[PDB]
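S.K.: My structure is below; once you've seen it, I'll send some questions.
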Amino acid sequence: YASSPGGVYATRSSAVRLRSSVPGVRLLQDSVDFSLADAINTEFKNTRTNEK
Amino acid sequence: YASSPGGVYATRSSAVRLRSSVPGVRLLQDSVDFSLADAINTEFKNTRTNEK
Amino acid sequence: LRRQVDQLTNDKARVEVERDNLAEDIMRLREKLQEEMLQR
Amino acid sequence: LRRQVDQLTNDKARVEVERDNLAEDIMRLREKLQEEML
Amino acid sequence: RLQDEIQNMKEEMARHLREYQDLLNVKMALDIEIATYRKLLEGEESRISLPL
Amino acid sequence: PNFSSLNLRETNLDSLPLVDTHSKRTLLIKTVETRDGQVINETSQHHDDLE
Amino acid sequence: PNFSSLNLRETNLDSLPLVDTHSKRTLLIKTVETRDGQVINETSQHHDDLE
Amino acid sequence: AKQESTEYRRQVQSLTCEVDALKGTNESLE
Amino acid sequence: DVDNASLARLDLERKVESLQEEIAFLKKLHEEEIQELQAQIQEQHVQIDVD
Amino acid sequence: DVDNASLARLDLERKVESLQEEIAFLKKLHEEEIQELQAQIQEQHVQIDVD
């Protein structure tokens, strides 16, 4: 029943102030919570609940 | 009694990230298959089709 | 990965056409200065 | 995407600022070669 | 152009604040719908001598 | 059970045209026009051909 | 639906806008060292640095 | 509109130096 | 900065190619998300309601 | 062509940047459309003893 296995959270990293330019060729993320699909993973299983 | 620890520590490391002013980091963007997730979506259709 | 490979493509062929025009400037100011040096 | 939008927002403002500065800084290095040849 | 990228990241943070409170409204909906199915169930305990 | 309508897609096999190997042929014709040995022009024609 | 079968893979979507990864980036640093208006040295240093 | 305002800025800066040099040639004849 | 930016124009031909298959995985995700909504509608209701 | 080529980069990148914030916005609104479905499942509570 313990949260955060190993005591984990996103502790602040902050390094040497490297001024690289980065031209920023994006991976766009059409799964910025594709979430309608994971509510739908719960409904691919509510459809199983009604049939059952 | 199943006291078994199902939670394994997915071990993260982030030693202090030096001056990466070496530009030789080629891009690759290789993803996602994951055809096992579409096999699992087909097993959810099959499990519903068994439940029907 | 695309943005990292793209930034390395840009920094590479940047220096390819930078250099050849910068070799022309450094000749254009020299042509003048060398012909003036001959008279001088 | 915004990383490359911030890249022009350096690039454009830099080429405009470097144009109008180096105009005087290099024109005042041709004026002195005109002094040496006159 | 950095206020675009930063205030768009603060939009999506401000959206995730309201969407996490929508998930709390789905919880709190199930809390009251469980409670008001309990306000059915005194009458369904009455309805066959039955669910208390 | 008329399944294969799902078919957990078919977000696809994706032989898509997202290629640059397809190579980015950087034909850099650095035309150094010199007069007498001084550079007068550098017409660096970057033909930036994606094959 | 019996939900699945799956093709989600990057058959030529990977094979991305990755060129090698390397733009065939033939950085020809043609250093034309001119003095008094004459070429005194022409050091054409090729790099083929990855990109 | 910012890119057009940056191209006309190069045309301004080039044509300024060109007419400043023709003025500096007329002062040199003077 | 133009040789960088003109190679960067060829980067958008690769990034628009990559994002058009991302938007194809996101369209396949909407078709799986609609199948999952129809599964969830059947899954929440076959137990016969309150009784 | 620094300004033109990097602005031809940006005029497309700002369109995809705006469309990806609009996809995030349409998906934090589709959370409320699935909440009207979850509200139907919450209202089905409702009905009488079967047989």
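Numbers in chain B come straight from Swiss-Prot, and the residues shown are 53-104, in order.
Looking at the header, which is where the method is noted, we find electron microscopy, 7.2 Å.
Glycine is treated like the rest: Cβ placed from N, Cα and C.
According to Swiss-Prot, the record shows the following:
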- B:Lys104: SUMO2 cross-link (CROSSLNK)
- B:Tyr53: phosphotyrosine (MOD_RES)
- B:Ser55: phosphoserine (MOD_RES)
- B:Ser56: phosphoserine (MOD_RES)
- B:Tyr61: phosphotyrosine (MOD_RES)
- B:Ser66: phosphoserine (MOD_RES)
- B:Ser72: phosphoserine (MOD_RES)
- B:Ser73: phosphoserine (MOD_RES)
- B:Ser83: phosphoserine (MOD_RES)
- B:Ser87: phosphoserine (MOD_RES)
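How about a rundown of where these features are and what they're close to?
M.R.: In sequence order, no residues are near B:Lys104 (SUMO2 cross-link), counting only same-chain partners six or more apart with C-beta under 8 A.
The Cβ of B:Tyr53 (phosphotyrosine) has 3 other Cβ atoms within 10 Å, all protein chains considered.
Reduced to three states, the DSSP call for B:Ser55 (phosphoserine) is coil.
Close to B:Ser56 (phosphoserine) in the fold, though at least 6 residues off in sequence, lies no residue with a CB less than 8 Å from its CB.
DSSP assigns B:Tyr61 (phosphotyrosine) to coil in the three-state reduction, placing it in neither a helix nor a strand.
For B:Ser66 (phosphoserine), applying a Cβ distance below 8 Å and a minimum sequence separation of six or more within one chain yields no residues.
Non-local contacts of B:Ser72 (phosphoserine) by the CB criterion (under 8 A, 6+ apart in sequence, same chain) are absent.
Over all protein chains present, the Cβ of B:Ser73 (phosphoserine) has 9 other Cβ atoms lying within 10 Å.
Within 10 Å of the C-beta of B:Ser83 (phosphoserine) we count 16 further C-beta atoms, all protein chains included.
Cβ neighbours of B:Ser87 (phosphoserine) (same chain, under 8 Å, six or more residues apart in sequence): none.
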S.K.: Express the distance between the Cα positions of B:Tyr53 (phosphotyrosine) and B:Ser83 (phosphoserine) as a whole number of Å.
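M.R.: Just about 41 Å between their Cα atoms.
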S.K.: For B:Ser55, B:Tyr61, listed as modified residues, tell me which one has the smallest number of other Cβ atoms within 10 Å.
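M.R.: Relative to the other modified residues in B:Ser55, B:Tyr61, B:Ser55 has the fewest Cβ atoms within 10 Å.
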S.K.: Go through the recorded positions B:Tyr61, B:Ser66, B:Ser72, B:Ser83, B:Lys104 one by one and keep only those whose Cβ is less than 8 Å from a Cβ of chain F; report them in sequence order, or 'none'.
M.R.: B:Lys104
S.K.: Of B:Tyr61, B:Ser73, B:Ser83, which is closest to B:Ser55 (phosphoserine) if I measure between C-alpha atoms? They're all modified residues.
M.R.: B:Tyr61
